[PDB]
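# Coordinate analysis (summary)
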Amino acid sequence: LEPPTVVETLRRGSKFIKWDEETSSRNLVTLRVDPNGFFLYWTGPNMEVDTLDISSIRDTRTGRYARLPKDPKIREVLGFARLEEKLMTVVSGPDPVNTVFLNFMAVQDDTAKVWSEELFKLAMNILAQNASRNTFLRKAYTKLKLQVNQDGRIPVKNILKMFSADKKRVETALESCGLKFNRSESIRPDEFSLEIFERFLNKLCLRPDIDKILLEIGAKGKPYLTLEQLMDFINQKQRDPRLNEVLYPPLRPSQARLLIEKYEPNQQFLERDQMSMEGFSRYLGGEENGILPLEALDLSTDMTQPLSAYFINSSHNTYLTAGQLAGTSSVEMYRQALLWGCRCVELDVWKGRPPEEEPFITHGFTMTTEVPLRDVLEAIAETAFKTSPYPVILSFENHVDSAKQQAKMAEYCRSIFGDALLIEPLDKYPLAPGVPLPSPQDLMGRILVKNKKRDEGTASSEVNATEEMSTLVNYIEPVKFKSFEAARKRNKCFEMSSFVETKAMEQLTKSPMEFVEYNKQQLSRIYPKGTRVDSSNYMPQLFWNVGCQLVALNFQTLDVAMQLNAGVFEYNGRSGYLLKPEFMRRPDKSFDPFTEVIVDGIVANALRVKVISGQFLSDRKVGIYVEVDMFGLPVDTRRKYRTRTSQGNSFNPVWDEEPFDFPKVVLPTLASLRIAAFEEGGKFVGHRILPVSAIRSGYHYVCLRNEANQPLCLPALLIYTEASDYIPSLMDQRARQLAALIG
Amino acid sequence: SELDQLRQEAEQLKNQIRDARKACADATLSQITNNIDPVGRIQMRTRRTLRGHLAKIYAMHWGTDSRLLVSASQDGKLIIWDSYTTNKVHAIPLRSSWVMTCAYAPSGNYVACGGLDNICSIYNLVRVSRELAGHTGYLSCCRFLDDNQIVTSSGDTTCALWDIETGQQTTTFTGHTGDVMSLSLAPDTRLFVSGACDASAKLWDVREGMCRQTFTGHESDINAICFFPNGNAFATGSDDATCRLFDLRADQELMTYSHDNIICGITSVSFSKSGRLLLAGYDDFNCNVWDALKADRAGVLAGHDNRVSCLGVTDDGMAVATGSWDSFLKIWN
Amino acid sequence: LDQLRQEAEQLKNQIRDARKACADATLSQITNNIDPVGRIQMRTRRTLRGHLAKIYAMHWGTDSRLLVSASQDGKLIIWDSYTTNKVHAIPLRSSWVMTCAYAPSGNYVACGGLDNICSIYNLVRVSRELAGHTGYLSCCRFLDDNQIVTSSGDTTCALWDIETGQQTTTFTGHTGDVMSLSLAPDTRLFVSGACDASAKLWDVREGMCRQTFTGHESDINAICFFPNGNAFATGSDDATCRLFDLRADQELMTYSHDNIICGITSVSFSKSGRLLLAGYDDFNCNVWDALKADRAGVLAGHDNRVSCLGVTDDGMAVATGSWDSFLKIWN
Amino acid sequence: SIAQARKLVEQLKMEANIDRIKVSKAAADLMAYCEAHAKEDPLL
Amino acid sequence: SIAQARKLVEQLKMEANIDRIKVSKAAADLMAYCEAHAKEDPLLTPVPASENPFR
Ligand SMILES: [Ca+2]
C-alpha cells in the first residue's frame, strides 16, 4: 500500500481543450491537481474556478477508447490520423447509472496518456478512501481554498454554504476569529490558513462528548494529560482483546512520545512529555486511531484455494438501466460494473436479422433497446482487468439457432479477447472426475466462458449447443440440476448449476447440510426471479450462509441488499474474491447453517456498540437517528435497533442512551455490521459496512460513505465499540428463522 | 555519608513541627460549636442567565463596585457584563484563545488576562497596555494588589509579583514542587496563598518575598483556595472531594468538609461576606453550599449542564455568580 | 560532471557579488524629491463592438489610427479608432488564435495560434505561410515589411524572412514556454519572458542571449519597454509588475499591493515613461506611477478578464480588449 | 543537589520559630467573628 | 547534458565580463527622461477637446 502522491507534471499543470458535445462549447483551460491529491481544478470561462472531486472519478480512458465528437462544427474546430491519441475523457458520478462525462483534448503531444493514467492511479487508491478524520477535514479546507472568485479570494457565500445548518453561529464564529462575515464580502487566501480554519471549527460547535472521555480517564484540573495517562488509555480502551499479544504488542512509552510529538501544538508540554486537550482531539481523528486496521483493506488473503472456495462478485442482466419490462439496454453498464468490482456478467444474445447476420443483446419479448454483441465484447475486453486482475466469468445466455452466427460469435470472442480467453485446460488440472478447480492465482487475467457444452423467464427456453460455440467452455460448464445425491456421485467438479431464487429457497430451507457440502466442490449461481419487474433485490446474505459463490444481484438499483453487496466486497483490495470461513471449505468439518448454539471449532465473539455522537450530519435543522443492523447467520441477524431522534440542537447531535448488545455471534468471520444515519422523515444521509471479524474496540471515528460506497467529505460519527470473545413442521421451523433475513 | 545527616536533620525538624502542632491540638470546631443553632434550608434562585459566549468559561471575577463582572471565555474573548441590566458593556478579543484566568482592578479600570501563552495581557478601560512576559509555563491565576501591582501564579512552580509600568519581575516567590493552580489575596492586601498541585498551600508575604507558613494534608491537587473575610483562615478545595479549612494563627487543619455520595473534585471555593457559608462548586455540574461552622450541606445550586469551573461571591454578599463549561453564566440569589 | 556545476556556481557568484556591489542606491529613495501625480482619470470614448467570441490580442497601427483585434472565433477585424468603421474582416482558417500584429508601414498583418504556423496577410489573402515551429505560437512582432520575430511554446524564439519563409536565427536558451516578447523602439535587440520566472535579452544580429533577469516566482505574461529603450517591466502571474535595467543587470522597483492577488495579463508603458499600465484578472486596469510606485487611477469598465492592452505611438489613447468580445478606447 | 538540603532546612528552621496560638481560642475567635458579622449577609 | 554543461559555463562567462554602471546613474537618467519628455506626453496632461481625435 502507498499514500497518494501527485507527480510534478500534474501540479505544475498542462494545457488542454475542454470541449463539449451538447452545448457545442470549447475553451482552453489549464488542468492542475492540488498536492494532497484531493481535487482537480481549472479556471472556468468567466474566471471562477471549477473543481472535480477526485474520489468521484470512476474511470479515465484515453486513445481509441475516449469519446469522439459527434458534431461536424466541433470536429472542424478540433482538427478532425493520430490526433485522436490526444483525447481524454474523465467520467464521474454517484452511481453506475448516472454518470457525467468531462472531455479534455490535449494541445501538446504525450500529455494525455500520463494525465489519464495518473488520474486513474489517484482515483483508485485505498488510503484515499479509508482516510482518517483529519484528512477529511483538510479536504473540506482545500475545497474552500481552491474555489476562489474572480478576484482570487475565498468568498463568504462558500463558507456559509458548506456549513449550511444554521447561520447565526457561522457568522458569529467568523467574527470571533478576526475575519469578514457579511453576506457579500470576501476573505484573502493568505489570511485564511489551516489554524485559522480549525480555530473557527472549534468555535463553530461545542464538544461535550470528548469532555466525557477526558473525564473518564482523569483530566480533572490540569490542562494536560501525562504520558502514562495516555498510554493507559490506549492500552486499556483502544486495544482490541481478540488479537494475540505476542505479534501485536501493546504500546511502549517511546511510541506514545512520538504520538505526543506529532499531534500537539503547544511547546510547554512537548518537552515534559505531556499532551494538551487539543493534542488529544487531534489524536481521536489520527491515522493510528482508525476503525479498521490496514490489513483488513488490502489484498491479504490465501489466494491459492480452489475457485469453489470464494465468494465472487456477480451481476444478473447487466445491460439494463431500469426495470426488466420497459427498460433501455446500454453498453456502458458493462464498463461501470466491471470497473466497480464485478466478476461475472450476463450476455442475453439473440438471433440477427436477414439483412445481415449480427447477434444482438436484449431482454427477450420485452420491447427494450437492442445493443450489438461486438461492442459489448469490446467493452468487456476494455474494462476487464483495470481494477483487479482476477478472472471474469462470462455467463452466456445463448439464443441463436442459425449456424452462421454461432460461428460468428465464436470468432468474435477469439479476435477481441485474444490471449485473455481460456480455450484449453491447464497443465496441472485436466478435466477429469475427482480433481479440484484451479485457484484464482492460477487463472490471473483470463476470461472464462459459461455456456452449454456437447419463473426463470427467458433463461429456461435456451437453444442447444453447437460444435463451434462449445469449444470454449471447459472449466465452468453449466448442467441441469438433478439432485445433491446425484451430483455428489458424479464427482465432477468442473460443472456448476444455476438456481433461480424461488427454487434456491426450496433447498435452502429443506436440506442445507447437503447444500454446504455441495458448495465445497462445485459452484452455484442465483439470479432473482422473473417477476421482479421493478428490478428489486433479494438479500444475498440468505444464500451466503449456505455457501453459494456467484450470488448475482441487480446493479442498477441501490437498496439495502445492494449496499451490503457493494460494501462487503470493498475489502480484500476490491478484487471481488472473498475467502470462505474455514468450516465452509473443509471436507470433514461440517456444521449446521441453522444452528442456535455455538459450534465446537469456531471461536464465537460478542459485540457491544454504543453511538456517542456525530458531526455535520445535515444541511438543514432536522433530527438524526442511527440504525445499527447486523447481517450474517440467521441467529446473528438483528435489524430491529435504532437510536432516538435528536432535536438538531447544534452542528453535532449527541445521543444519550444505552448501548446496543450483540451478545453472541456464532460465525464472526462471515457477519457484517451496518451503521446507517438517517434524518427524521426517512431521508438518508450516510452509511458504512464494517466487518465484525476485524473491527476495533474503543473510541473511534466512523466516516460515513454514501448510498453507493463513495466517501462523503464532512459527515462522520463517533462510536464506542466493545468486541470480545464469548464466555459460556421443519419447513416452518427453518422458515421462521429467516423471517428477519428475508425482509 | 554526608547527605544522610542533612536528610535526618530535614525529617527531625518535621517531627519537631508535627509535635508542636499536636501540642496546640486541644479540640475541634464542631466540638466547640456543638450547641449552636443550624442554618436551615437555603433555597436559592437563578436571577439572570448571561448568555453570549461561544466556548468554555475558565475564570471570572467580580468588580469591587458589586455591579459589573468580567468573564474570560475560551474563544479568546473577554466580556465585561453589567449584572443588573444584562448588557455586555465590553467585548475584548485576544491573540490566543486558550485563556485560563482573568482579573479586575480594585479601582475598576484595569482588567487582566492570561492563559496558555505564558503572558498576562493587562488591558485598559480598549487596547493592550502591557504584555508581561518572563514565565516559562502557563499562567493559572493572577490578581490585582492595586493599580500598580499584579501578582501571578504560573505552572513552572513559581509565583511572581510584577510591576505594571516597567514590566519586570519585582519580587519572585519560589519554593513549590508542582504546578501552582490557584491563588487568593488577603483583605489587608499584604499576603497571599498559593495552592500548588502537590497537596500543599503556602503563605507568602509580598514585601519580604518569602514563605512563612506551609500547610500539607491532601492527597491530590488543589484547584481552588479562598480567604475567610478576616484574613485568618481560608479553604482549599481539592480533587479528592475534600474542602478543608486551615488557620493562620494556629498552623493546623481545623475541618474537613468531605462527604459520602460525592467523589468529584472541586473547581472553585469561596466564602460569603459573613463567613458563614462556604460556597463550593464541584466537577459534577452542581454547587453545594457548605455550612462552614458545622461541616454539613445547606443548599443545592444545580442548574448547569457541564462542570462548573468558576464561582465568585461579591463584596457585599448580595449575589453569587457561577460560570460553567457550557458557555452560560448564571447569577444566583 | 559535478565540477562543471561548481564552476558554473562560482561564475554566477561573480554575478551575485557584482550585483550586490553595484546596488549602492535605490530608486525608491532617489525619487523622494519628486512631486507626485496623484489622481489620473481616464474615460471610455470609443467602444469598438462587432466580435463574437473572446479577444486574445491586439496591436496598434503605426499612425495610431487602425488596430487589429484577433478573436477566438477566427476573425481579425481591423478597426478605425476615430469613426468606428470596420475596414476589414479577415477570416482565418484556424479557430484558436493567440496573437496578432501590425506593420511599421501599414500593409501587412500577421497572426498565429494553436496551429503552430504564422499566417501573414496582405492589405485579402494569405501571402506567406511560415511553418517550422514544433509547438504553438504565442506572440509575433514585425521588424519591417520583410522580417518578423515569433515566440513559441517549445522554448524558443525565431527570426523569419518573409520573402523566403526561412528561419534566419533560432534563439534558444530558455527552458520554459515563452509567453510574451517585446521589441526595442529602434529594433536592434529585444526581450523575451517565459514560464521560468526569467526574462532574457536577445539581439537580432548575433542571435545570442546577452543578459538574463530573474526575480519572479511564476510565469511572465507581459513585457513592455521604457520608451527610450533602457528599461522594461515584466508583468507576471503573482500580481507583481517590476522594472529592470539593461545596464545594471538588476531589478529596480516592484509594484505590489495587497487587495491585488490575481495574476496579470498585459502591461504597457507611457510615451514619456512616468506612467505604467497593467491589466488584471479581476477585470480591472490599474495605472501605476512608474517612479513613486503608487496607483493613479482605475480603468474599470470591463466585465471579464482584460486580455490585451495597448498604448498608441503619439501617446494619446489606450485601448483594452477583454473576454466579453468588446474593446474600449480610453482617453 | 547538595545545597538543596540546606535550603530546605533553612525554611524548616524559619517555620519552627513562630508563635503557637491555641486551637480553642482560634475557633472562639472564628465564632466571635461570625456572630458579629451574621447581620450583614443578604443570603442568610 | 554535457554539451549543455559547457554551453552554460560559456554563457555565464560571457555575461560576467560586462560593464555595469551604477543604479544611481541609471535611476538618474531614468528620472531625467520623464520630465524632459513630459511636455509632449498626452496621458498626464489633459487634452484640448477640439484637437482630441476621439471626442
Ligand atoms: Ca437473462
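Conventions we followed
Residues numbered from 1 in each chain as written, not as in the entry; some residues may be left out. Chains lettered and ligands numbered in written order. Heavy atoms only, no water. Residues with missing side-chain atoms left out of burial classes, pairs and counts. Helix = DSSP H or I, 4+ residues; strand = E, 2+ residues; numbered from the N terminus. Rg over C-alpha atoms; globule rule 2.2 N^0.38 Å. Pairing = 2+ DSSP bridges. Axes fitted to C-alpha atoms, helices over the stretch in contact; angles between N-to-C directions. Donors = N, O, S within 2.8 Å, 3.2 Å for Na, K, Ca; no water. Buried < 20%, exposed > 50% of the residue type's maximum accessible area, 1.4 Å probe, protein only. Contact = heavy atoms within 4.5 Å. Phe/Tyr/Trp six-rings, centres within 6.5 Å; stacked < 30°, edge-to-face > 60°. Polar contact = N/O pair within 3.5 Å; in protein donor to acceptor, adjacent residues only side chain to side chain. Nonpolar A, V, L, I, M, F, W, Y, C, P; charged D, E, K, R; others polar. Parallel < 35°, antiparallel > 145°, perpendicular 65-115°, else oblique. Left-handed = near helix turned anticlockwise from the far one by under 90°. Core = buried A, V, L, I, M, F, W, Y, C linked by side-chain atoms within 4.5 Å. Buried area = accessible area lost by both parts, 1.4 Å probe. Salt bridge = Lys/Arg side-chain N within 4 Å of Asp/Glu carboxyl O.

With that settled, consider the overall build of chain E. Per the secondary structure count, chain E includes two helices and zero strands. Structurally, chain E occupies a C-alpha span of about 65 × 30 × 10 Å along its principal axes.

Along the backbone of chain B there are two helices and 24 strands. Relative to a compact globule of 333 residues, whose C-alpha radius of gyration would be 20 Å, chain B shows 20 Å and is just as compact. Structurally, chain B occupies a C-alpha span of about 60 × 50 × 30 Å along its principal axes.

Let us look at the sheet that holds strand β2 (residues 57–62) of chain B. All names here are of chain B. An order of β2-β3-β4-β5 is seen for the four strands of this open sheet, with the pairing classed as antiparallel. The sheet terminates laterally at β2 and β5 (88–93), the two strands that pair on one side only. When strand polarity is set aside, the average angle formed by the axes of neighbouring strands in this sheet is 15 degrees. Relative to strand β4 (residues 77–82), strand β3 (residues 68–73) runs antiparallel, the two sharing five bridges. What sits directly across from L69, in β4, is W81.

Attention now goes to the coordination of the calcium ion. Residue and element names in this part refer to chain A. Protein coordination at the calcium ion comes from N317 (OD1), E346 (OE), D348 (OD) and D348 (OD), with a distance range of 2.6 to 3.2 Å. Of note, the calcium ion draws all its donor residues from one chain, in the sequence arrangement N-x28-E-x1-D. The same class applies to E346 as to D348, namely buried.

Our next topic: the side chain of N313(A). All names here are of chain A. Along the chain, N313 falls in the loop between β10 (310–312) and α13 (332–338). A residue is classified by how much of its surface remains accessible, and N313, at 5% relative accessible area, is buried. Excluding residues within four positions of it along the chain, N313 makes contact with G341, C342, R343, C344, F555, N565, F569 and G576.

To continue, consider the packing of aromatic side chains. All names here are of chain B. Taken as a whole and judged by the stated rule, the model has 53 aromatic pairs over all chains. Aromatic side chains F215 and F234 sit 5.4 Å apart centroid to centroid with 65 degrees between the ring planes, which places their arrangement in the edge-to-face category. Here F215 is found in the loop between β13 (211–214) and β14 (222–227), whereas its partner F234 is found in strand β15 (residues 233–238), with 19 residues between them in sequence. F234 gets classed as buried once you look at its relative accessible area, which sits at 0%. Between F227 and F234, the ring centres sit 6.0 Å apart and the planes meet at 80 degrees, which makes this aromatic pair edge-to-face. The same class applies to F227 and to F234, which are both buried.

Looking now at the environment of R247(C). One can find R247(C) in the loop between β20 (241–244) and β21 (251–255). A residue is classified by how much of its surface remains accessible, and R247(C), at 27% relative accessible area, is partly exposed. Distance from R247(C) to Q211(C), taken between C-alpha atoms, is 9.3 Å for residues 36 residues apart in sequence. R247(C) has contacts with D19(E), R20(E), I21(E), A26(E) and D29(E), leaving out every residue within four places of it along the chain. Of the polar contacts made by the side chain of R247(C), one reaches the side chain of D29(E); its length is 3.5 Å.

Bringing the interface of chain C and chain E into the picture now. Counting from both sides, the interface comprises 55 residues of chain C and, opposite them, 33 residues of chain E. By residue number, the principal contributor to the side of chain C that touches chain E is helix α1 (residues 2–22) of chain C, which donates eleven residues. Here the side of chain C that touches chain E is built from residues that sort into 30 nonpolar, eleven polar and 14 charged.

With that settled, the discussion passes to the arrangement of the chains. Comparison of the four pairs of chains in contact shows the highest number of contacts for chains C and E. No interface is formed between chain A and chain D, the nearest pair of C-alpha atoms being 21 Å apart. Across all C-alpha pairs, the smallest distance from chain A to chain E is 21 Å, and the two are not in contact.

Once that is clear, we can look at the packing of helix α14 (residues 373–382) of chain A against helix α15 (residues 403–415) of chain A. All names here are of chain A. Running from N to C, α14 and α15 cross one another at 25 degrees; their axes reach a closest spacing of 10 Å. Relative to α15, α14 is oriented roughly parallel. At the point where α14 passes α15, the crossing takes the right-handed sense. Touching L373, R374 and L377 of α14 are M409, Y412 and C413, all from α15. For the contact of α14 with α15, the class distribution of residues is five nonpolar, no polar and one charged.

The next point concerns the environment of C139(C). Residues and elements named next belong to chain C. Along the chain, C139 turns up in strand β10 (residues 137–142). Residues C139 and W330 lie 191 residues apart in sequence; the distance between their C-alpha atoms is 24 Å. Excluding residues within four positions of it along the chain, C139 makes contact with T99, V149, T150, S151, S180 and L181.

Residues and elements named next belong to chain A. With 76 residues, the main nonpolar core has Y334, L347, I380 and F543 as its most contacted residues. In contact with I380, other than residues within four places in its own chain, are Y334, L338, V345, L347, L394 and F417. The next biggest cluster of nonpolar side chains, apart from the first, holds 31 residues, and it includes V609, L617, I624 and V692.

This part is about the interface of chain A and chain C. The interface is formed by 17 residues belonging to chain A together with 17 residues belonging to chain C. Buried surface at the junction of chain A and chain C, both sides included, amounts to about 1,600 Å², of which 56% is carbon and sulfur. Broken down residue by residue, the surface that chain A buries against chain C is led by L28(A), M47(A) and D151(A), which jointly contribute 30%. The interface formed by chain A and chain C includes one salt bridge. Note that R12(A) is salt-bridged to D219(C), the shortest N-O span being 2.4 Å. At the junction of chain A with chain C, the criterion picks out three residue pairs in polar contact. Among the elements of the structure, β1 (14–19) and β2 (26–33) of chain A are those that each provide at least two residues to the side of chain A that touches chain C.

Take the sheet that holds β15(B) next. All names here are of chain B. Read across the open sheet, the four strands follow the order β14-β15-β16-β17; overall the sheet is antiparallel. Every interior strand has two partners, whereas the edge strands, β14 and β17 (252–256), have only one. Neighbour-to-neighbour, the strand axes of this sheet turn through a mean angle of 25 degrees, independent of strand direction. Both strand β16 (residues 244–247) and β17 contribute to a ladder of four bridges, which runs antiparallel. Residue pairing for β17: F246 is matched across the bridge by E253.

All names here are of chain A. You will see that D273, though not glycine, has its phi angle at about 55 degrees, which is positive. By the element assignment, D273 lies in the loop between α11 (267–271) and α12 (278–281). Of note in the backbone geometry, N572 takes a positive phi value of approximately 55 degrees without being a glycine. Here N572 shows up in the loop between α20 (560–568) and β21 (577–579).

Moving on to the pairing of strand β28 (residues 716–725) of chain A. All names here are of chain A. Counting buried positions along β28 yields seven of ten residues, so the element is predominantly enclosed. Note: strand β22 (residues 605–615) against β28, ten bridges, orientation antiparallel. By the bridge assignment, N605 is partnered in β28 with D725. Direction of pairing for strand β27 (residues 698–702) relative to β28: antiparallel, over a ladder of five bridges. Across the sheet, the residue bridging to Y699 is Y720, located in β28.

Right, let's talk about helix α8 (residues 208–217) of chain A for a bit. Of all the residues in α8(A), the buried ones are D209(A), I210(A), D211(A), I213(A) and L214(A). Immediately beyond the C-terminal end of α8(A), within one or two residues, lies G218(A), with a positive phi of roughly 120 degrees.

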